[PDB]
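Coming up is one lone chain in C-alpha cells, specifically the form deposited without its partner chain.
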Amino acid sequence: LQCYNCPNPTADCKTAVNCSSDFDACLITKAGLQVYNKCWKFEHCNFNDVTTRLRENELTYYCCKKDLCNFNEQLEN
C-alpha cells in the first residue's frame, strides 16, 4: 500500500513513498489550506480516529484502497 508522505502540510507535495506495513488505506486530509498526505488504516477512517491521532478537530479526510490514491484531487476543495 504505497502512499504520499511529505515533511510538511503543503498543497503541492508530489513525492510518493511506501508507508511500511500497518497501513491499508491512504489518507488525504485537507484542514483548510493545509493538505495532510499520510497513510492511514481503514479501521481508523472515521470522524474521530483521525481528529484524535493528529490531535486536531476541524479538518477533512478521505481514505483510499489504491496505491498512491492521495494526489490532491479526490474529494475536491
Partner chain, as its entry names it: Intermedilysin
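Residue numbers count along the first chain shown, from 1.
A second form of this protein, the form solved in complex with its partner chain, is not displayed here; the remarks below concern that form.
Trainee: Is there a heavy atom of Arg55 lying 4.5 Å or less from a heavy atom of its partner chain in the deposited bound form?
Mentor: No, no contact at 4.5 Å.
Trainee: Evaluate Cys19 for contact with its partner chain in the deposited bound form, applying a 4.5 angstroms cut-off between non-hydrogen atoms, and reply yes or no.
Mentor: Outside the cut-off, so no.
Trainee: May I ask you to list the residues of 49-77 that have any heavy atom within 4.5 angstroms of its partner chain in the deposited bound form, in sequence order?
Mentor: Residues within 4.5 Å: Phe71, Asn72, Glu73.
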